[PDB]
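Please read the structure below before turning to the comments.
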Amino acid sequence: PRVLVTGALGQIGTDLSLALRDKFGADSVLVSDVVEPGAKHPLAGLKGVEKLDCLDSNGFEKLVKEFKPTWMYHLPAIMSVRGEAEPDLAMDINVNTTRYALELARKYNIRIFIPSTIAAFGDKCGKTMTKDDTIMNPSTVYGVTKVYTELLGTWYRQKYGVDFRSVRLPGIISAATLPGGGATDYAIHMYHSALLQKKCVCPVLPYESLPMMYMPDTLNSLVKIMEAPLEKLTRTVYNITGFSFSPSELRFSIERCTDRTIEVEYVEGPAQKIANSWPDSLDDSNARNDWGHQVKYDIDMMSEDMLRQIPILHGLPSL
Amino acid sequence: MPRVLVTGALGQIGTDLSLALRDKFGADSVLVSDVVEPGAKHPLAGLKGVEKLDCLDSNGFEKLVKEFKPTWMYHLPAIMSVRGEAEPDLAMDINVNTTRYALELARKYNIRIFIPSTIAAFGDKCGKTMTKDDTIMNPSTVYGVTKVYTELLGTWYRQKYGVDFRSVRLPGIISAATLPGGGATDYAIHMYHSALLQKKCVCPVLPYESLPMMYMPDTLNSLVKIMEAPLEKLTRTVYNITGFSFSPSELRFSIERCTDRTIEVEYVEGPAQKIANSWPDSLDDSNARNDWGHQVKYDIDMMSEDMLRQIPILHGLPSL
Ligand SMILES: NC(=O)c1ccc[n+]([C@@H]2O[C@H](COP(=O)([O-])OP(=O)(O)OC[C@H]3O[C@@H](n4cnc5c(N)ncnc54)[C@H](O)[C@@H]3O)[C@@H](O)[C@H]2O)c1
Ligand SMILES: NC(=O)c1ccc[n+]([C@@H]2O[C@H](COP(=O)([O-])OP(=O)(O)OC[C@H]3O[C@@H](n4cnc5c(N)ncnc54)[C@H](O)[C@@H]3O)[C@@H](O)[C@H]2O)c1
């Protein structure tokens, strides 16, 4: 198994690149992104890290000819909040990079994973335990580009036999990457605020529940789906979930683990109208039955690990 | 009176729509455009307000919009379902990129913009009988895929920027003015030609494959009416519409009534069959009916009468 990763230096890529390196060995894994890893970044100095802009189809093909992958994880995308503000970049990146990856997957017989997202759903999905097949009316361009990713991948599978595999990831929580202005990124902010003992200004409303998953469960699942025999897969795109929580549910969790009250004021920002159009929870029975998707962390296990790791990885005050 | 721009105008839909808009609103208020120039027997040859514009040329597309200042736009170019399976790269280039440019232009210059979708946007999980406006969409062609994209992108432009994006999922459209090509629903137009010529029709769709269809006069009344409707009457951006549903053998019987003779039709399955089979047999268009008055005058025999009489006149095929 020779594994190419594109968009490999962001939140998912960082940890997935290390996980795959450890399992199949550094010589069987090639990691690429349009930027280079910074000095403090976990993949710096390592070899088998390349620069590739996936918008350059010929460059893309060049790397694939040379490395001869049997597997590819295609991760570059502009996500829900950023996309609303830079839609042109969203459409370019999410539509065209994906187009080229699937064309290379067809031509060089690569098994290709491209993640979708709960942002592919909108307010007609059926908000409670959303099924794998339902109405898709996303309210963000990111979401729109991901419905397209899903349909087009599945068409490549039917038409050419391309082994296209995908999951709808819930919001993903990890320690290793600092927090942005993204929709589910408030969770990652509250951990940091609690460690610094500062005011958390949470843009998502206190009782807005969302499906979420902690990264080690995400890594197990992204490898497991791709190791599975094709024969076992009754579909190309699967909901997976970890657990649903609201920001008040997260604040509690963090208080139980720090034995100290933390400071949260809830003032809505752009993430709230977005999150509200998403499902509260997913039905992932198909992923469970077909290829063994499973979850070992609950919200309190995750907080304990997050409150330990953040001080180690970014020097915030330990607990 | 609106100022209407039509892109993709020389094709099957464009030809008859362009003429209708010219009649109704004045030739002065209608600009139409296409990547090629019209050939001399084309109904739009020799007419004013007919330009050459490649919609993949964003700069060029913008320049014409700037000069003309439309208030409405019908953005028609696409690669359709049978051709798209064979030329997928072209389908994705046309169907995605021109659409993107159109919407940006609609936003930027305040255009009410119509972009047709299709029954081909549905697949075999849609609910095959009397399919709803809102249902599972799992199209089994790249065209279908790009049209789901078009539906959702346009909708997002309505929500995010206030763009008055409007659309319908057209069924198989039947018209006489345009010579039939290789597409799925076009077996129907060929069968009218084979009958006037008294030649074999080798049909690549299987005889009992029912599909939603509509006759051009009705589709024209609907295309104009959806665009005249005031925005507050529209409960949604994308509407199903149909005329009536028929299979190849139904169409053959209907031609045989009018000709009072037998046609020869042999069924040899082609690539149109699998595609067509994944589409709805019929659609629920109640929302379109209630919201903006979508209505239908022709049935299959009114349609055959008119096709068999019109094709000779328009194209010199043997009469009656
Ligand atoms: N993190 C989440 O909570 C989450 C949730 C659901 C789905 N996903 C999906 O997982 C994938 C990865 O998400 P992430 O959280 O790692 O995002 P991220 O923004 O953290 O990482 C994205 C990486 O893509 C790179 N990139 C941008 N343009 C590129 C280009 N033209 N060529 C090559 N690389 C380019 C960026 O430099 C960055 O390293 C995306 O498709 C995303 O939609 C993520
Ligand atoms: N005809 C049907 O039964 C049917 C059904 C459903 C939806 N539609 C939609 O209606 C639209 C028009 O269909 P049609 O049947 O008239 O198609 P057609 O193929 O007959 O006509 C297409 C026209 O678009 C033009 N074109 C191609 N590339 C172009 C470009 N880059 N810039 C400008 N023009 C370009 C072609 O020259 C042609 O004149 C399509 O979006 C189609 O999906 C048609």
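Just so we're on the same page: first chain in the structure tokens is A, next is B, and so on; residues restart at 1 for each chain, and ligands are numbered from 1 in the order they show up.
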For this session: Hey, list the chain B side of the contact with chain A: 9 Å cut-off, only C-alpha atoms, answer as number ranges by chain.
Result: B: 85, 92, 100, 125, 134-142, 145-146, 148-149, 152-153, 155-157, 159-160
Problem set entry | Members of range 155-287 of chain B assigned helix (DSSP H, G or I) by DSSP, as a ChimeraX atom specification | /B:155-161,187-197,216-228,231-233,248-259,272-277,286-287
For this session: Between atom 4 (C, counted along the ligand's line) of ligand 1 and CA of residue 222 in chain A, measure the distance and give it in Å to one decimal.
Result: 12.3 Å
For this session: Could you find all residues in range 261-316 of chain A that DSSP calls strand (DSSP E or B) from the backbone, and write them as a PyMOL selection string?
Result: chain A and resi 264-266+282
For this session: Find the residues near ligand 2. Use a cut-off of 8 Å, count only C-alpha atoms and all ligand atoms, and write them as a PyMOL selection string.
Result: chain B and resi 7-15+33-36+53-57+75-80+94-95+98+115-120+143+147+169-174+178+185-186
Problem set entry | Cut-off 6 Å, only C-alpha atoms and all ligand atoms, neighbours of ligand 1 as number ranges by chain | A: 6-13, 33-35, 52-55, 75-77, 79, 93, 115-117, 169-172
I need the chosen residues saved as a tab-separated table (two decimals), in the first residue's frame, with N, CA, C and O atoms.
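Final output, selection.tsv:
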chain	number	residue	atom	x	y	z
A	6	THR	N	-2.87	14.59	-0.25
A	6	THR	CA	-2.84	15.98	-0.75
A	6	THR	C	-3.57	16.84	0.26
A	6	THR	O	-4.42	16.34	0.96
A	7	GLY	N	-3.26	18.14	0.28
A	7	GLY	CA	-3.68	19.00	1.36
A	7	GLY	C	-3.29	18.45	2.73
A	7	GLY	O	-4.06	18.57	3.69
A	8	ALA	N	-2.11	17.85	2.81
A	8	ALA	CA	-1.71	17.06	3.98
A	8	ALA	C	-1.28	17.81	5.27
A	8	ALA	O	-1.04	17.16	6.27
A	9	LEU	N	-1.13	19.13	5.24
A	9	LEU	CA	-0.56	19.84	6.38
A	9	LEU	C	-1.57	20.57	7.22
A	9	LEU	O	-1.17	21.23	8.18
A	10	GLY	N	-2.86	20.48	6.89
A	10	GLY	CA	-3.88	21.05	7.76
A	10	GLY	C	-4.30	20.15	8.91
A	10	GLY	O	-3.55	19.24	9.31
A	11	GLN	N	-5.49	20.38	9.44
A	11	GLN	CA	-5.88	19.73	10.69
A	11	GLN	C	-5.96	18.20	10.49
A	11	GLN	O	-5.37	17.46	11.28
A	12	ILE	N	-6.63	17.74	9.44
A	12	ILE	CA	-6.84	16.30	9.27
A	12	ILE	C	-5.52	15.69	8.78
A	12	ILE	O	-5.04	14.69	9.32
A	13	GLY	N	-4.95	16.33	7.77
A	13	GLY	CA	-3.75	15.84	7.11
A	13	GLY	C	-2.55	15.58	8.01
A	13	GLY	O	-1.83	14.66	7.81
A	33	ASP	N	1.28	19.21	0.04
A	33	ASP	CA	0.40	20.35	0.32
A	33	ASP	C	0.96	21.51	-0.56
A	33	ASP	O	2.08	21.39	-1.10
A	34	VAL	N	0.16	22.56	-0.74
A	34	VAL	CA	0.55	23.71	-1.55
A	34	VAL	C	1.51	24.62	-0.80
A	34	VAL	O	2.25	25.38	-1.43
A	35	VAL	N	1.47	24.56	0.53
A	35	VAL	CA	2.46	25.26	1.37
A	35	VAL	C	3.42	24.22	1.99
A	35	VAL	O	3.18	23.01	1.94
A	52	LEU	N	2.96	20.65	-3.73
A	52	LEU	CA	2.14	20.49	-4.92
A	52	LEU	C	0.90	21.39	-4.79
A	52	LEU	O	0.26	21.36	-3.76
A	53	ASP	N	0.63	22.21	-5.81
A	53	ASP	CA	-0.64	22.97	-5.90
A	53	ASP	C	-1.58	22.11	-6.71
A	53	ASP	O	-1.34	21.87	-7.90
A	54	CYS	N	-2.62	21.60	-6.06
A	54	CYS	CA	-3.51	20.66	-6.73
A	54	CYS	C	-4.38	21.33	-7.82
A	54	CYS	O	-5.08	20.64	-8.55
A	55	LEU	N	-4.32	22.65	-7.95
A	55	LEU	CA	-5.01	23.36	-9.04
A	55	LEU	C	-4.25	23.20	-10.38
A	55	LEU	O	-4.78	23.53	-11.44
A	75	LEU	N	-7.45	15.86	0.48
A	75	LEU	CA	-7.98	16.73	1.55
A	75	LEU	C	-8.08	18.26	1.31
A	75	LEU	O	-8.60	18.95	2.16
A	76	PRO	N	-7.58	18.78	0.19
A	76	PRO	CA	-7.75	20.23	0.12
A	76	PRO	C	-9.20	20.67	-0.12
A	76	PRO	O	-9.85	20.19	-1.04
A	77	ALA	N	-9.67	21.58	0.72
A	77	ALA	CA	-10.99	22.19	0.57
A	77	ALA	C	-11.07	23.45	1.37
A	77	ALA	O	-10.38	23.59	2.33
A	79	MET	N	-13.61	25.60	3.71
A	79	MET	CA	-14.66	25.05	4.55
A	79	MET	C	-15.75	26.09	4.88
A	79	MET	O	-15.75	27.16	4.33
A	93	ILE	N	-11.22	25.52	-5.58
A	93	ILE	CA	-10.47	24.50	-4.86
A	93	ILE	C	-11.26	23.24	-4.74
A	93	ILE	O	-10.78	22.20	-5.15
A	115	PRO	N	-13.08	13.25	1.59
A	115	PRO	CA	-14.04	13.39	2.66
A	115	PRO	C	-15.21	14.33	2.29
A	115	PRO	O	-14.98	15.35	1.62
A	116	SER	N	-16.44	13.97	2.66
A	116	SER	CA	-17.54	14.93	2.69
A	116	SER	C	-17.73	15.39	4.11
A	116	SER	O	-16.83	15.31	4.90
A	117	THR	N	-18.92	15.86	4.43
A	117	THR	CA	-19.15	16.63	5.63
A	117	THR	C	-20.61	16.76	5.90
A	117	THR	O	-21.43	16.83	4.99
A	169	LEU	N	-17.83	13.63	7.53
A	169	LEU	CA	-17.23	13.79	8.81
A	169	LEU	C	-18.12	14.78	9.54
A	169	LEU	O	-18.62	15.76	8.91
A	170	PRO	N	-18.35	14.52	10.86
A	170	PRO	CA	-18.86	15.53	11.77
A	170	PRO	C	-17.77	16.58	12.04
A	170	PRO	O	-16.72	16.54	11.40
A	171	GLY	N	-18.00	17.52	12.95
A	171	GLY	CA	-16.94	18.42	13.34
A	171	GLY	C	-15.81	17.69	14.06
A	171	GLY	O	-16.08	16.88	14.95
A	172	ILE	N	-14.56	17.97	13.70
A	172	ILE	CA	-13.43	17.20	14.18
A	172	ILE	C	-12.65	18.07	15.16
A	172	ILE	O	-12.35	19.23	14.87
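Every protein, DNA or RNA residue with an atom at most 7 Å from residue 214 in chain A, where only C-alpha atoms count and chain neighbours fewer than 6 positions away do not, is listed here: residues 172, 173, 174, 297 and 302 of chain A.
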Keeping N, CA, C and O atoms for every residue in the selection just given, could you write it to a file as a tab-separated table (two decimals), in the first residue's frame?
chain	number	residue	atom	x	y	z
A	172	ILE	N	-14.56	17.97	13.70
A	172	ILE	CA	-13.43	17.20	14.18
A	172	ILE	C	-12.65	18.07	15.16
A	172	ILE	O	-12.35	19.23	14.87
A	173	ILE	N	-12.37	17.47	16.31
A	173	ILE	CA	-11.69	18.09	17.44
A	173	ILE	C	-10.33	17.42	17.53
A	173	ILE	O	-10.24	16.19	17.65
A	174	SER	N	-9.29	18.22	17.49
A	174	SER	CA	-7.94	17.76	17.75
A	174	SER	C	-7.17	18.84	18.52
A	174	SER	O	-7.56	20.02	18.53
A	297	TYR	N	-13.71	7.26	22.18
A	297	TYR	CA	-13.79	8.43	23.06
A	297	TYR	C	-15.21	8.93	23.30
A	297	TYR	O	-16.03	9.01	22.37
A	302	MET	N	-12.38	12.85	25.99
A	302	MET	CA	-11.75	13.79	25.05
A	302	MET	C	-11.21	15.00	25.78
A	302	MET	O	-10.07	15.40	25.56
Problem set entry | Separation of CA of residue 128 in chain A from CA of residue 128 in chain B in Å |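 Spanning CA of residue 128 in chain B to CA of residue 128 in chain A is a straight-line distance of 26.1 Å.
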